[PDB]
There are 2 protein chains.
Amino acid sequence: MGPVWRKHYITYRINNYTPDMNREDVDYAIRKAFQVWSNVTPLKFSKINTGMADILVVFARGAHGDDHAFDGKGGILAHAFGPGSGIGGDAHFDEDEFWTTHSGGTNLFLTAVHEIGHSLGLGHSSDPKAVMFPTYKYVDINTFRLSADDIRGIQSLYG
Amino acid sequence: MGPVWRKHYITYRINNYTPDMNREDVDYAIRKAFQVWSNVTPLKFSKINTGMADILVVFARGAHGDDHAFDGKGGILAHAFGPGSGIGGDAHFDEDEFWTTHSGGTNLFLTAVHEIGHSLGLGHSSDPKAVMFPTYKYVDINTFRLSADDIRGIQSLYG
Ligand SMILES: CC(C)[C@H](C(=O)NO)N(CCNC(=O)c1cccc(C(=O)NCCN([C@@H](C(=O)NO)C(C)C)S(=O)(=O)c2ccc(-c3ccccc3)cc2)c1)S(=O)(=O)c1ccc(-c2ccccc2)cc1
Ligand SMILES: [Ca+2]
Ligand SMILES: [Ca+2]
Ligand SMILES: [Ca+2]
Ligand SMILES: [Ca+2]
Ligand SMILES: [Ca+2]
Ligand SMILES: [Ca+2]
Ligand SMILES: [Zn+2]
Ligand SMILES: [Zn+2]
Ligand SMILES: [Zn+2]
Ligand SMILES: [Zn+2]
């Protein structure tokens, strides 16, 4: 393995909101995305509105302060840093994308699941069924499930 | 090092056409895509309409006889085999994608530039500026350029 979180209780904070969606929708998509991963691991995720969280969720465009500039609409959608102090664990979403509760844009839920995988220490999967496979494909949020390879990946890091 | 073409006169043939575009907008996009690479290499590319070619261009959907099935709309866009006989060099475009002369779909020209890169022996690039960076972004065909990295890579396979 590379790095992992050495604790099981992990906090996140939503730094700022995208204007593409309602604030309630953004909270919900993010909360469900963490739930995908807490469902298959010992990890507990807790939303914090003050103080400093382990995992900061940020919407930004272009050069946004971290040597990995976003690229305007399309292309790179998002990135996240592996477990660590400071910017480690943080997930950044390209505001030049159009974020959506369902399809017809870039689905925030699905992307957040992918990115949180990174935040927890996963790399990319060679398996096209896996959410950690590095191409975006819309699947209905209600029918989305982690693949065998996703779970095997995360359980090897956290039991 | 991976295989390369041993000869300099390389042929391609378009096996079938996507209905998403005029037959001739497809020829144009493909021809321009080859031109991108012949401009920076000794290689020359000729289209043939019958007989055996070096690079067969295919539009297929799902499983189509090569162990790398496509995945329906979205996700994977296309794939191509490195130099060699038989399947070698062939370039397969996912028919479930919606192919376009511009945007409002997946641009055939830009995607063909990427796949031909594979047909000529190139792997992916970690440089986002590179066309061999494995992420699609639309850019007007007039403004598109190979990056220093792409050119460096191809000029280090061919002479
Ligand atoms: C820059 C990174 C950090 C970033 C990301 O990871 N953030 O977490 N991107 C991913 C960029 N790609 C990679 O890092 C990477 C690394 C190694 C291998 C690959 C790879 O093979 N990707 C697929 C390439 N495909 C094919 C291909 O290479 N054909 O030649 C085949 C062989 C599978 S592809 O069909 O998707 C394809 C991709 C791009 C082009 C292309 C490129 C330039 C011009 C025209 C077309 C053509 C085909 C990708 S990212 O694009 O922001 C990204 C991608 C997906 C998701 C995601 C996934 C599941 C659910 C929701 C969202 C989130 C973000
Ligand atoms: Ca982008
Ligand atoms: Ca952090
Ligand atoms: Ca936006
Ligand atoms: Ca061939
Ligand atoms: Ca596809
Ligand atoms: Ca199609
Ligand atoms: Zn960032
Ligand atoms: Zn990723
Ligand atoms: Zn194929
Ligand atoms: Zn590729």
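List of remarks:
- Counting, for every residue in A:70-77, the Cβ atoms of other protein chains within 10 Å of its Cβ and taking the mean gives 4.
- Charge dipole of chain A about the Cα centre (unit charges at C-beta), most positive-ward option of A:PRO42, A:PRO3, A:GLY75: A:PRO42
- Within 10 Å of each Cβ in A:128-140, the average number of Cβ atoms from other chains: 3
- Amide hydrogen proximity for B:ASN107: with H placed 1.01 Å from N in the peptide plane, the residues at 5 or more positions away or on another chain lying under 5 Å are B:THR100.
- Each residue, A:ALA63 and A:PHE98, gets one label point 7 Å from its Cα in the Cβ direction; the gap between the two is 2.9 nm.
- When each of the peptides B:10-17, B:150-157, A:67-74 is scored by how many other beta carbons lie within 10 Å of its residues on average, the order from highest to lowest is B:10-17, B:150-157, A:67-74.
- Computed per residue of chain A from DSSP H runs no shorter than four, each worth -39500 (n - 2.57), the mean residue ellipticity at 222 nm is -8000 deg cm²/dmol.
- By DSSP, the beta bridges lying fully in chain A are antiparallel in about 20 percent of cases.
- Peptides A:137-144, A:119-126, B:116-123 ordered by average Cβ neighbours within 10 Å, highest first: B:116-123, A:119-126, A:137-144
- For the stretch B:44-122, the Cα gyration tensor yields ellipsoid semi-axes of 20, 15, 12 Å (square root of five times each eigenvalue, largest first, whole Å).
- Among the residues of B:25-31, the average count of other protein chain beta-carbon atoms within 10 Å of the residue beta-carbon is 0.
- Descending semi-axes in whole angstrom, ellipsoid equivalent of the protein assembly as shown, from the Cα gyration tensor: 39, 19, 19
- The amide H of A:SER46, built 1.01 Å from its N in the peptide plane, has A:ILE10, A:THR11, A:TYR12 as neighbours under 5 Å, considering only residues 5 or more places off or on other chains.
- The equivalent ellipsoid that matches the C-alpha gyration tensor of chain A spans semi-axes of 21, 19, 16 angstrom, in descending order.
- Only beta bridges with both residues in the protein assembly as shown are counted; by DSSP, about 20 percent of them are antiparallel.
FYI, it's all coordinate maths here, none of it is from the lab. Cβ atoms come from the backbone with ideal geometry, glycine included; neighbour counts cover every protein chain shown.
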